[PDB]
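Student: Sharing an experimental structure here, sequence included.
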Amino acid sequence: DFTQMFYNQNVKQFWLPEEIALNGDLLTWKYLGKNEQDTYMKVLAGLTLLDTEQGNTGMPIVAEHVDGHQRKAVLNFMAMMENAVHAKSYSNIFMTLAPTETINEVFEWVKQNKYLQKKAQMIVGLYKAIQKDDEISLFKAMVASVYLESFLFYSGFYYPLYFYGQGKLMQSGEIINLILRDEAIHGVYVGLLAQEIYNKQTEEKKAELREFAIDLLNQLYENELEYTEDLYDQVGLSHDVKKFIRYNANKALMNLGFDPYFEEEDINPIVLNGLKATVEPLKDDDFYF
Amino acid sequence: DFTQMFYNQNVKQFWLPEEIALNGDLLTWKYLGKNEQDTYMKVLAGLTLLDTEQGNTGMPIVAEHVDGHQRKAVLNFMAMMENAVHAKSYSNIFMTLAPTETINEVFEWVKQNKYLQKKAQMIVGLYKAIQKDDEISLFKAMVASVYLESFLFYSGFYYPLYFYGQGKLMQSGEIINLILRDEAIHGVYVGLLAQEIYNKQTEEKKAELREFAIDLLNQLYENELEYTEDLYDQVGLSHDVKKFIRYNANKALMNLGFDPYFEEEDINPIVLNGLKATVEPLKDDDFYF
Amino acid sequence: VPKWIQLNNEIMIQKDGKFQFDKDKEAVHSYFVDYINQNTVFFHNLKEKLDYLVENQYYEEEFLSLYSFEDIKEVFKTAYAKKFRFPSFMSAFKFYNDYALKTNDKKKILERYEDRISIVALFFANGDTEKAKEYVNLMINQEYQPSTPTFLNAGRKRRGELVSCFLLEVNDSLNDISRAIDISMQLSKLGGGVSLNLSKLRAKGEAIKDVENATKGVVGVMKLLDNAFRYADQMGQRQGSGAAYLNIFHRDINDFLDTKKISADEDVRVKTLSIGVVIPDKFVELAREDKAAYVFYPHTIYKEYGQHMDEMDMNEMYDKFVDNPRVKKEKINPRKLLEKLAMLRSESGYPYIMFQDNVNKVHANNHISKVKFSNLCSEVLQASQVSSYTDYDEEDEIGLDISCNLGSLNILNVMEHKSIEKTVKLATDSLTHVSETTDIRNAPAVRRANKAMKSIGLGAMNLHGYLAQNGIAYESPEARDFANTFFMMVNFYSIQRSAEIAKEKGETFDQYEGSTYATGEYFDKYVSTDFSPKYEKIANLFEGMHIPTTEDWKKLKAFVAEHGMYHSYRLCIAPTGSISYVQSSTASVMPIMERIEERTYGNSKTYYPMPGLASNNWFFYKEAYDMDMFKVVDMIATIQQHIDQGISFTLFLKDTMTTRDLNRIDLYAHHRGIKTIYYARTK
Amino acid sequence: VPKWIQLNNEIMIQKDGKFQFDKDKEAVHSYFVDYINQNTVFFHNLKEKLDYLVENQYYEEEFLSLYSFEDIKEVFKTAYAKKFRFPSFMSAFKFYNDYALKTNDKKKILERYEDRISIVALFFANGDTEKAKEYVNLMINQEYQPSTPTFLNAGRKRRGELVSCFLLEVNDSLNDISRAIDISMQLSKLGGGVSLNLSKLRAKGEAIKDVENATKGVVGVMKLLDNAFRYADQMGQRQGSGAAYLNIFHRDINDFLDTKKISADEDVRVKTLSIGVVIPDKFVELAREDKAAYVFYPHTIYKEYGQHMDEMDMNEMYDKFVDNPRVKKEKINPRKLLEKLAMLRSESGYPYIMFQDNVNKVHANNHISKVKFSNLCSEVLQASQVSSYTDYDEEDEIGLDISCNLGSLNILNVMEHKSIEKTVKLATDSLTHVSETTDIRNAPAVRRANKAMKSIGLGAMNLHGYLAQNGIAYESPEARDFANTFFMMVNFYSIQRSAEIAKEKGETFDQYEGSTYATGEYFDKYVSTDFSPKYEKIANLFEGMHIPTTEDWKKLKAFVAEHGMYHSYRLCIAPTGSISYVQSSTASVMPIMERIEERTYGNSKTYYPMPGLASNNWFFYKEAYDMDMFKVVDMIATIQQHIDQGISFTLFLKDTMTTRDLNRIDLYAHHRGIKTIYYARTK
Ligand SMILES: Nc1ncnc2c1ncn2[C@@H]1O[C@H](COP(=O)(O)OP(=O)(O)OP(=O)(O)O)[C@@H](O)[C@H]1O
Ligand SMILES: Nc1ncnc2c1ncn2[C@@H]1O[C@H](COP(=O)(O)OP(=O)(O)OP(=O)(O)O)[C@@H](O)[C@H]1O
Ligand SMILES: Cc1cn([C@H]2C[C@H](O)[C@@H](COP(=O)(O)OP(=O)(O)OP(=O)(O)O)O2)c(=O)[nH]c1=O
Ligand SMILES: [Mg+2]
Ligand SMILES: [Mg+2]
Ligand SMILES: [Mn+2]
Ligand SMILES: [Mn+2]
Ligand SMILES: [Mn+2]
Ligand SMILES: [Mn+2]
């Protein structure tokens, strides 16, 4: 009942980072403190890693196991967006704002950062555990994918949105909003596929799947807290970002058909402001008048 | 040396089925004989069936085994074009020209056809034989992929190009020309990835891979001749189609860095009508000797 | 935003559900109160103005020296006594932006409308003060408008040539091709549009000195010509404009046409070279009967028969070409070729269509040559003889290359003044003067044909404007009746003036004795058919003017027999692009494309309603795209029966109609006697 | 695969760790016993062969009619008495594929090597049987090789022109530009490579009669010439090759260079027209001192001084140009321009570099004109006077457009036969005959310069082959000593033959009296410096031959003063691309690119070892890319000191080296007196 409308929405949302000129951010970037620039680079690098794996691994593997040519076409399109559009856009931002050495250093930093490695290990592990014709392993990977789309990106998205909302780094911010617009529909779509599998189960099996989903969310959440503190303490925003990730965790649960898990909190209003002609043959009667 | 350049060329060639209005083809379709309509339907179904294998298996399997983030992104983009763009385009052409019952029957016929099946299963067999961390099996699959993209499609493309060059079925011919333009670049790109593997091999292993490629080409070519007579004798075109197959076989070989196998031939004119050194500054005292 | 631009944009603002057309008039006042008068250079007297313009190399001394200063002052006073006022803002804007003489720094205005008209009149009269005053009264009444070259450049030292339509014949040789490229460059340097006939050139895959598959065809020549026209672009002012014409029976016709396809490669497509196709009646007969046609290799035909393929009648030669084994040919489907022409015209408006037999069945100078091709605007249809440009230090055989002299009657102004005869005769005299004063030293055949043929083109404009302001629909039979009568009178007085000039000077055009004027055949339909209006409304429109009858035409035929005719060609209806704005007229005899046209100049928007447009005549000012193209073809054929040359006939199509409709319009034009089809503009 | 192809491929199959060079010989035998002898057309006697070739329009009958058939039979018998055998398969293959005469359908071979040599000798002798036998002995011994046009086309009815290269001066006018395009097409039709000097054309943004920023610059003319050369492509057989030369002080020099950038847009990129840059010593001086230079607008300089910018010495007029406010100029960085030249040569091998002051400090005909540009191979350096092509019906002022006939001495065969003098004199006579029988009817300046200058080009081939086969390293000082002595001998005997021809004909070349030959200045370094070999090995190599001393040079100087010189220019070392294969010689005086070259013909691959390559001389056949370019520059300068025209000097670069290394090589070449640099080929 939904794939065709998602197909149409995904293809109509198609974009490339080159559509957005980035040289306009040069001055507002220059004006940020060293702490702010550091957090910003690292935040986008963490996002780049997530999209790299979502494009290389997550979306293609889910596409492989989901039945139906139209469902596969949507998932293939989403996969392309992840690595050919989203992951690449971050390099466009980096290449504009930062010198090569700072770019090299931040990519080295992703490799050695323990929270980023842990979250990649956990998510990719679940993708690679999918067994052919085994719907339960597929469900588990789809939960992981929804958590990546609708929860994990948000510790990263906070900062570009926070600046956009203050009228700073607005070209980079425009790119990020386009990425966010895509991930929102990706999270909903994968959520609907996960619910399909969940709804086939016995009540006992469903109870176990909810346990899996909630245990996984809590494990990812605890790691994301440490990641958030590590990045945001130097810019004074860790508590604010934490409220934002809890907000989005609830959206991820809802995408999976589950009740919200965290209590509602006031999000920084700045971040909320951050959001040929037709041819006929000639008849013999056309030659006479 | 080449992936970013191909990335650029691929994304700038992006298109959607909806861009070409198909209904005006009915004004020339109605004037074709039964044999012409039959051949066109059968050719179209042949292309559709082969392209589906490439979208569901060929491109995604190669993307899975190739190392490199940028290569995986380009390959993902190509897989997207197969599944999201090409497949919808073929379906659109069919739905415009034939009623539902006729489409189902043509696909039943072509699905049972000996020559279409022989080539489809030969290609799919090589994709299924790729082994993790074995570059030889990957190379063999890449050869199969290049043969599909740059050679096997062309016994089929001939007919729409033949009409397109005569002013008939111009809307569907425009679509086919866009598809063909994508398959050409797909073939060239996968060809470069195959040459990379080939160049890492010993001289004895190279000679062995050359023998594999020529042997495979021979098997496919002999089946193409039979496929060609089966479809085109009823419309009197087989001689010229055979010249077009050999010409495209030579292009496929050149994509794989191999010499042409067949002597140069001229192609049907109607179908033709359808178709840095390191900069180092002068340091002074370079003017004195 | 300037005040006049606001007053002009206030037209679209609707008051009481009606457009504020009168506001445009106010805009003109502003455009003169705020801008034109402020930036117009004024002198203490006309003597100082003329001295300043002559000394600063603005004017020419020769044409002003033919008059005493008193006569020049009297001519200027006659021009200024009319107190002419531009009725619309766009008229004055177009004149003072395109035609008014400006200083070298382009910040001040040296010439008003009256000054330019007086200078052009003094140039026309060539020393006759009374004739100069007659020309001034003709142009200040806006009855006659010299073409953009003549109007802009007459009397100016820093100027191009007064002729901008040039037709070149290219012979099948490398020397002739190089000479054609050189002449095209020289004529584009002069500011003229150059049309080249490529039918005599041998097709691709022909022999050069008995070596096979050597010729590049006409497409390589088109690439060379396109590069030449890109290079010669009026000293970097306007884009170099050229046209290439090929016979449809030339084998390269597809590749020719392939130069205008969007899918064509960079080594195939020519961008600044317009293309036209000459379609003999034989091709239309072959397409009609669905018989497969043959496109011939011109060099094989030349070797077999000693004459070029386009130099003989294809109607009687086609069967002999097909049955001749020594003539090489390729099988084509004429209906497929017609569909390709229609598709190409839908995509880009190309090629121009020349119906060879429609032109040549009424051509008066077939003895000199049959009309093989047309101009860049597809309205000049004249006899041309190819030139044999030999090697160096060898005498060339200079032929005839067409270059006619443009000038347009304003039908509304001419008919409201009841001065068809006087305006036609004065326009003919001015065109004769400009043709006689044209001397091109780098185009030998153009100069020879200008001296010999003395061909001029007298056009008409504001046909739709006149009809709409008189409550007549352009597609109505009354409009065609008016066009028939008006253009028959124009032809009558043009022939009378040509014969009078021949009698006065004692000379006719070269090879006149073989023309149908000399034999009296041209006057046949005029001595047997009465062209008086068949409707009472049109007759009342022609009230106060003598309409030539059959007896008058017999007298004119006898006069031409006794005295000859000075001009080989007299009438051709040019598009009249920008001069129609200055004259506040609709362009050519074409119907209007839009009732109010929106234009963007600089960063400002401007609005030009069609002349005389109001609430009462809003319905009569029907847009061309909404009109039935068959009735437009009927009107253009009605006019063409009185025009010796062609009419720039643009088709106006909707996006809904297909290539079958375009082909039907083309075939109905061929059936109705249309000589040329200019453009296929899709809305 | 053919048997000879397998035998030739057997060379690379090593036996006992060594290449099987002798297998190559076997291949030739196969190539003759299986293909050539079967595909040859044999007649009963020579009479039937000559009659068949004459009546079937293969041979011109005029040159054969000057001899009785007995004399022609004697000449052919002299040619066949040598029993010439091709030592390598590729020599015979190249002759019988590119130069042997075939039938109209190219299915059989009508001309053997001896037949072709006999026909060329009979054409050269012009009725002298003994001279024809001398030419036969000279060519069958392979001491002298006429250029590809002369060797291929001599005595043929379907021939082109015997002149290889043509150099045109283009004046700054539309008429001159169009004439240059026409002449370029005519000469490319004749098969010759055309070089055009665009330095007189005014730059982009110049005024065409008081309207400023109007010119398209040299880039528009470049596009026109590129399209002209594309169109005139030897009837589609060989791609039309043109060269454009621009002075480095021209304002368009950057845009010029931008025509060869791989990122250039289609409206600027030119792909079939080679580019050359003429660098005066002033530019090198400015770059050396790092002082910002000025490029100039040619039209402003012409207006101020009455002469073109390239018509006068920049070394003395650059400061006057800079300090003159009426001269328009743009600031450039000469070092940045040099780096751009190096980058362009690394990317594409363009531009050609012509060191103008190096050419003109030893140019013997500076009185006629300074050398302002070179040919398509950058070895022809002669005086040229620009032509004033005026309007039609106006007389044109015909200047001098360079054109010389090429012919190469085979150094190995000449020195083996100890016949430097005889070979040089006979080659000079043959080139004089080729010049005399050359008459081009569509290039007037070329014809006048051929008639007046009488310039010929006598080159040399197999320098590296001779050095490697004699155990001399090409970079060694002994090799440079040999080149010095050999080319001093060649210059001495060429001057002697030119003076003897002037004496026997009683005429010198036009304006010889003002040349350095007439004043005796040319012989200065020859009457004070001894060019005998300084090494015993080279002296032994020259044994049996009288090496001219200062006394012989003084006698020759007196002889020239008494009688004059027939040829303005005598020696030019062309690349000698494909005719070096037939002679079994290394290309020109350049070092070999590779010891064994793998070339793909049809679907087969062939390996050509360098002539005389073996185990004992493997390392003497050092590849050019492995050589120090500074020592190659030293060799080329040593040869150039005895060559009046230039030498096609190709730079052979490694991929590792930077543009700074290329700039250093260029500056060392300029320092050492190198006149021109041909190509920057990167391995
Ligand atoms: N519509 C117009 N077309 C042409 N010129 C105009 C127009 N309106 C004003 N002008 C110019 O501005 C001048 C001022 O004209 P205005 O309407 O103020 O009254 P006027 O009685 O015609 O004036 P004047 O004393 O100048 O003759 C005119 O003489 C004329 O030169
Ligand atoms: N390398 C070669 N170059 C030129 N011609 C050759 C060559 N090899 C063979 N031929 C030609 O093919 C013929 C084959 O004869 P071949 O050389 O085998 O010796 P032959 O029969 O003993 O006679 P001869 O050597 O005296 O001509 C030769 O006479 C010659 O015309
Ligand atoms: C006509 C024309 C000339 N040119 C350039 C190229 C020529 O080298 C240069 C000279 O043209 P000319 O033919 O000499 O023009 P001209 O003689 O009328 O002007 P002037 O008196 O100043 O010499 O102008 C263009 O670039 N484009 C053009 O269209
Ligand atoms: Mg000819
Ligand atoms: Mg000039
Ligand atoms: Mn993403
Ligand atoms: Mn996503
Ligand atoms: Mn596809
Ligand atoms: Mn594909």
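Tutor: Alright, I've got the coordinates. Numbers count the residues shown, from 1 in each chain, chains lettered A, B, ... in the order given. Ligands and ions are numbered 1, 2, ... in the order given.

Student: give me every residue that touches residue C:636.
Tutor: Contacts for residue C:636 (CB atoms under 8 Å, 6 or more residues apart in numbering or on different chains) come out as C:589, C:647, C:649, C:669, C:674. Heads up, the C-betas are built off the backbone N, CA and C, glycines and all.

Student: Pull the most distant pair out of those.
Tutor: Longest distance between any two of those is 14.4 Å, between C:589 and C:669; criterion CB to CB.

Student: higher neighbour count, those two?
Tutor: residue C:589 (29 against 26; other CB atoms under 10 Å in any protein chain shown).

Student: If we ignore the residues flanking it in sequence, what's nearest that one?
Tutor: Of all residues not flanking residue C:589 in the chain, residue C:463 sits nearest, at 4.2 Å (CB to CB, 6 or more residues apart in numbering or on different chains).

Student: thinking that neighbour is in contact with residue C:411, fair?
Tutor: Yes - counting by CB atoms under 8 Å, residue C:463 does reach residue C:411; the two are 5.2 Å apart.

Student: give me the number of residues near whatever residue of the stretch 51-200 of chain A ends up closest to ligand 6?
Tutor: Ligand 6 sits closest to residue A:86 of the stretch 51-200 of chain A, with a gap of 3.6 Å, by CB to the ion. Residue A:86 has 27 neighbours, counted by other CB under 10 Å.

Student: Identify the residues contacting the nearest residue to it once chain neighbours are set aside.
Tutor: Of all residues not flanking residue A:86 in the chain, residue A:51 sits nearest, at 4.4 Å (CB to CB, 6+ apart). By CB under 8 Å, 6+ apart, the contact set of residue A:51 is A:82, A:83, A:86, A:87, A:90.

Student: does the closest residue to the second one other than its chain neighbours sit in a helix, a strand or a coil?
Tutor: Looking back up the chat, that one is residue A:83. Nearest non-adjacent residue to residue A:83, counting by CB to CB, 6+ apart: residue A:55, 2.6 Å away. Here residue A:55 is recorded as helix under DSSP: H, G, I helix; E, B strand; the rest coil.

Student: Then residue C:622?
Tutor: What three-state DSSP gives for residue C:622 is coil.

Student: Look up how far residue C:649 lies from it.
Tutor: Per CB to CB, to the nearest Å, residue C:622 is found 18 Å from residue C:649.

Student: Would you mind telling me which of these two has the busier surroundings?
Tutor: Neighbour count, other CB under 10 Å: between residue C:622 and residue C:649, residue C:649 has more, with 28 against 17.

Student: Give me the nearest residue to residue C:350, chain neighbours excluded.
Tutor: Setting aside the residues directly before and after it, residue C:350 is nearest to residue C:260 in space (CB to CB, 6+ apart), at 4.5 Å.

Student: and what of residue C:587?
Tutor: Per CB to CB, 6+ apart, closest to residue C:587 is residue C:580, 4.4 Å.

Student: so what's that neighbour up against?
Tutor: Taking CB under 8 Å, 6+ apart, we find residue C:580 in contact with C:461, C:462, C:586, C:587, C:588.

Student: what secondary structure does it sit in?
Tutor: Strictly by three-state DSSP, residue C:580 counts as helix.

Student: Tell me, how many residues neighbour the residue nearest to residue A:83?
Tutor: Neighbours around residue A:55, by other CB under 10 Å: 26.

Student: For residue 238, the count of nearby residues, please.
Tutor: You didn't say which chain, so I picked chain A. Look at residue A:238: counted by other CB under 10 Å, it has 16 neighbours.

Student: oops, chain C please
Tutor: 11.

Student: Mind checking what secondary structure it has?
Tutor: Residue C:238 - assigned by three-state DSSP - is coil.

Student: Just the element for the nearest residue to it once chain neighbours are set aside, please.
Tutor: In this structure, residue C:238 finds its nearest non-sequential neighbour in residue C:191, 7.8 Å apart by CB to CB, 6+ apart. Assigned by DSSP states H and E, residue C:191 belongs to no helix or strand.

Student: I'd say residue C:191 and residue C:232 touch.
Tutor: No - with contact defined as CB under 8 Å, residue C:191 does not reach residue C:232; the gap is 9.8 Å.

Student: Neighbour count for those two, which is higher?
Tutor: Ranked by neighbour count (other CB under 10 Å), residue C:191 and residue C:232 place residue C:232 first, with 26 against 21.

Student: can you pull the contacts of the nearest residue to that one once chain neighbours are set aside?
Tutor: Using CB to CB, 6+ apart and skipping residues adjacent in sequence, the residue nearest residue C:232 is residue C:188, 3.6 Å away. By CB under 8 Å, 6+ apart, the residues touching residue C:188 are C:194, C:228, C:229, C:232, C:233, C:234, C:240, C:241, C:242.

Student: who wins for neighbours among those?
Tutor: residue C:194 (33 neighbours).

Student: can you list the domain ranges for chain C.
Tutor: C:3-142, C:143-280+C:334-683, C:281-333 (CATH domains of a matching chain).

Student: Of those domains, which stretch is the most buried?
Tutor: Among these, domain C:143-280+C:334-683 has the highest mean neighbour count (mean count of other CB atoms under 10 Å in any protein chain shown), at a mean of 22.

Student: Okay, the nearest residue to residue A:28 once chain neighbours are set aside and residue A:97: tell me how far apart.
Tutor: Leaving aside its sequence neighbours, residue A:28 sits nearest to residue A:168 (CB to CB, 6+ apart; 4.5 Å). As judged by CB to CB, residue A:168 and residue A:97 stand 12 Å apart.

Student: More neighbours: which of these two?
Tutor: Shown here are residue A:168 and residue A:97; by other CB under 10 Å, residue A:97 has more neighbours (23 against 18).

Student: which residue packs closest to that one, ignoring adjacent ones?
Tutor: residue A:29 (4.9 Å).

Student: how much space between residue C:302 and residue D:643?
Tutor: Per CB to CB, residue C:302 is found 50 Å from residue D:643.

Student: One more: residue C:320?
Tutor: Counting by CB to CB, the gap from residue C:320 to residue D:643 is 63 Å.

Student: Residue C:265 now?
Tutor: Applying CB to CB to residue C:265 and residue D:643 gives a distance of 45 Å.

Student: coming back round to it: quick check, the residue of the stretch 51-200 of chain A closest to ligand 6 in a helix?
Tutor: Yes - the assignment for residue A:86 by three-state DSSP puts it in a helix.

Student: before we move on, back to that, how about the contacts of residue C:188 in CSV, adding secondary structure?
Tutor: What follows is the contacts of residue C:188, written out as CSV (three-state DSSP):
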residue, secondary structure
C:194, strand
C:228, helix
C:229, helix
C:232, coil
C:233, coil
C:234, coil
C:240, coil
C:241, coil
C:242, strand
